[PDB]
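No sequence on hand, only this structure:
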């Protein structure tokens, strides 16, 4: 006559960490056309208000 | 070793228990004032015993390594807990690593009976104290 007994305890602890980055640049001609007058638009507001307008 | 346990039994359970553990003549009372009377192990009188009426009865169980136990729980040294039914304490195959044995009391209560290789009455439960004799020293007085 043979008897027995068993017992187990498995305990796992884990940690993860993921750092994903990216950078996508799209070149379109439509952006160059809109680029043209960004700087010039600054001084249209200066000229309209601050300066004289008759020769 | 005698273990006393108080339990609450309805009328049917009370009658079964009383006839199982012979009672000659005595009156059991309940919460709602209802009572039952046994006289020469016969139910002579009952007084308005509704359902869900709890009769409180004390019960004495003799505990001994040879005598079998209805339902007990054993804890080894490592930490494993097991439960056994209808087996005497000496009957356990592995008493070498059995550290504690409680008696499950049908109320889910637990009563310690076996502690570290001995019955609970034989164990002595040493307290703690630092070892030292009497001081027997004369001290100066501040008065």
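Noted; the coordinates are in hand. Residues are numbered from 1 along each chain as shown, chains lettered A, B, ... in the order given.

Can you show me the helices along chain A?
Assigned by DSSP state H, chain A shows helices spanning A:29-35, A:40-50.

from the chain's centre, how far out does the first one sit?
Relative to the centre of its chain, helix A:29-35 is centred 22 Å away, using Cα atoms, centre = their mean, to the nearest Å.

Ok, stretch B:22-36 next?
Between the centre of stretch B:22-36 and the centre of its chain there are 22 Å (Cα atoms, centre = their mean).

contacts for it?
Identification of contacts with stretch B:22-36 by Cβ atoms under 8 Å, 6 or more residues apart in numbering or on different chains yields B:11, B:14-15, B:18, B:37-41, B:43, B:45-50, B:53-55, B:57. Placement of C-beta: from N, CA and C, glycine included.

ditto for stretch B:9-18
Contact with stretch B:9-18 is made by B:28, B:36, B:38, B:41, B:43, B:46, B:49, B:51-55, B:57, B:59, as judged by Cβ under 8 Å, 6+ apart.

Tabulate the residues you listed (a markdown table), appending secondary structure, neighbour count and distance to residue B:70.
Listed next are the contacts of stretch B:9-18 as a markdown table, based on DSSP: H, G, I helix; E, B strand; the rest coil; neighbours: other Cβ atoms under 10 Å in any protein chain shown; distance: Cβ to Cβ, whole Å:
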| residue | secondary structure | neighbour count | distance to residue B:70 |
| --- | --- | --- | --- |
| B:28 | strand | 21 | 23 |
| B:36 | strand | 21 | 25 |
| B:38 | strand | 20 | 24 |
| B:41 | coil | 11 | 23 |
| B:43 | strand | 13 | 26 |
| B:46 | strand | 13 | 29 |
| B:49 | coil | 17 | 27 |
| B:51 | coil | 7 | 27 |
| B:52 | coil | 8 | 26 |
| B:53 | coil | 20 | 25 |
| B:54 | coil | 15 | 22 |
| B:55 | strand | 22 | 21 |
| B:57 | strand | 17 | 16 |
| B:59 | strand | 14 | 12 |
